[PDB]
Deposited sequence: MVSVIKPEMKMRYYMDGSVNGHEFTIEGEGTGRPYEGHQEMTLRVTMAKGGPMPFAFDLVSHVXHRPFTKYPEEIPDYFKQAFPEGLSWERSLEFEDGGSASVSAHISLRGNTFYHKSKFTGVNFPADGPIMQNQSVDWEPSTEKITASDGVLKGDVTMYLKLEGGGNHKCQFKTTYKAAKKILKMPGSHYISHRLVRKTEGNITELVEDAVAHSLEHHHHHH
């Protein structure tokens, strides 16, 4: 894909709500698509102002073109450009909390414009999410399958808790190219390593993802 460069930029915008707490997130980053690497800075603004009342991990997983793909596996995500890529995801936490989020990724120049909508519900008031007690997502391996020109992702995620221990969350994702992809990939995996560094309502993220098998 001619428009996918070794170095790309990103601009983000999210309209969100968790347990009724409305907020928006805006930020920017840089990445190396062929190395499956991305880094960024994100700023959260609560509708009512003040510090965000939930753990940032709830939204940190909200950019597949940044995945290192081996030559033997067709890269659905890079092939999706410049036309565009969209995705939809459901989250099911072990304590009953859940969320739905979708995003559209467009490309202009060498800058990806990432726009998302996030709604989280039924989180226990004393749970790790609303108590801001999670610290990171554990590295993972997501199963990618193909069907009807689109991809599906399934991965069991684990939140690392502040004092130790984990909290399970199941991700169910559908990835959709804006235009029919020339070369569809077969079933495979994508291993991720998403890490955050937070200071108040400002969070920096780094993700390294590699496709395999």
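No C-alpha positions are given in the record for the deposited-sequence stretches 1, 64, 216 to 223.
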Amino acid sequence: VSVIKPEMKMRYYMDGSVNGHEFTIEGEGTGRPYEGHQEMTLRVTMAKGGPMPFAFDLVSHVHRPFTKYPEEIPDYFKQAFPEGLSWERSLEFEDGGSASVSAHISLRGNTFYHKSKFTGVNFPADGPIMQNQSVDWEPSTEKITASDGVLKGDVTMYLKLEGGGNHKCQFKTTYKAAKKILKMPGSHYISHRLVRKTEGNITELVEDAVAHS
From here on, numbers count along this sequence of modelled residues.
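Stretches 49 to 57 and 177 to 185 differ in mean CA B factor, with 177 to 185 having the higher one. For the pair 129 to 137 and 115 to 123, the record assigns the higher mean C-alpha temperature factor to 129 to 137.
Among the modelled residues of the chain, residue 97 sits in the lowest third by CA temperature factor in this PDB entry.
Annotation for residue 11: CA B-factor lies in the lowest third of the chain's modelled residues.
In this PDB entry, residue 107 carries a Cα temperature factor that places it within the middle third of its chain's modelled residues.
Split the chain's modelled residues into thirds by C-alpha temperature factor. Residue 27 is in the lowest one. Sort the modelled residues of the chain by CA B factor and residue 63 lands in the lowest third.
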